[PDB]
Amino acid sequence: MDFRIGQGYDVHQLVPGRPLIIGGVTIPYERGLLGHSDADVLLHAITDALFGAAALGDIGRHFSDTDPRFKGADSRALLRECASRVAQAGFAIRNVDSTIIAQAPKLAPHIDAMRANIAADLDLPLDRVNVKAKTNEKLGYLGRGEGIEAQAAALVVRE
């Protein structure tokens, strides 16, 4: 009965010349996200929500860019290590919900693939992982296609 909630936010710039990787899925698009590794905005937000629910700080405190252990680590490896640390701190994950905000491309065809990657990385049943997607109605840098945002919420319980 010792439930805890966590919330996560991430954003990355979207420009020509890089791949678009969201939720572990490479998506064909004229632009891609800029960041240290694969720049997976959705997995970063979920990771931060999980560290937050466990009150373990955040993704920057756990996985520094200079650390040799995570030099070439992609964001799924980081999500899996996050989950291991959350479990070791005594918490079981109960569910994850999230939103991707991107003016383009359409993300609906890729939701089930993202959910399957996230559930596998968290060792969760598929029906405890949700990903939602929407545009920003052409408003702001998101609406002009200059960035993509992800939001995440996670519920855990201390066991």
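In case it trips you up, residue 1 is the first one in the sequence shown, and so on.
**Student:** Would 16-24 or 144-152 have the larger average of its C-alpha temperature factors, as given in the entry?
**Tutor:** Comparing averages over the C-alpha atoms only gives 16-24.
**Student:** So which stretch wins on mean C-alpha B-factor, 30-38 or 98-106?
**Tutor:** Stretch with the greater average CA B-factor: 30-38.
**Student:** Take the CA temperature factors straight from the PDB entry and tell me which of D112, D127, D65, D48 peaks.
**Tutor:** Answer for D112, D127, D65, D48: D65, with the highest C-alpha B-factor.
**Student:** Sort the modelled residues of this chain by their C-alpha B factor and say whether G52 lands in the lowest, middle or highest third.
**Tutor:** Lowest third of the chain for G52's C-alpha B-factor.
**Student:** Which third of the chain holds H44 when residues are ordered by C-alpha B factor: lowest, middle or highest?
**Tutor:** For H44, whose C-alpha B-factor we compare with every modelled residue in the chain, the answer is the middle third.
**Student:** Just say lowest, middle or highest third for the CA B-factor of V157 relative to the other modelled residues in its chain.
**Tutor:** It belongs to the middle third of the chain when residues are ordered by C-alpha B-factor.
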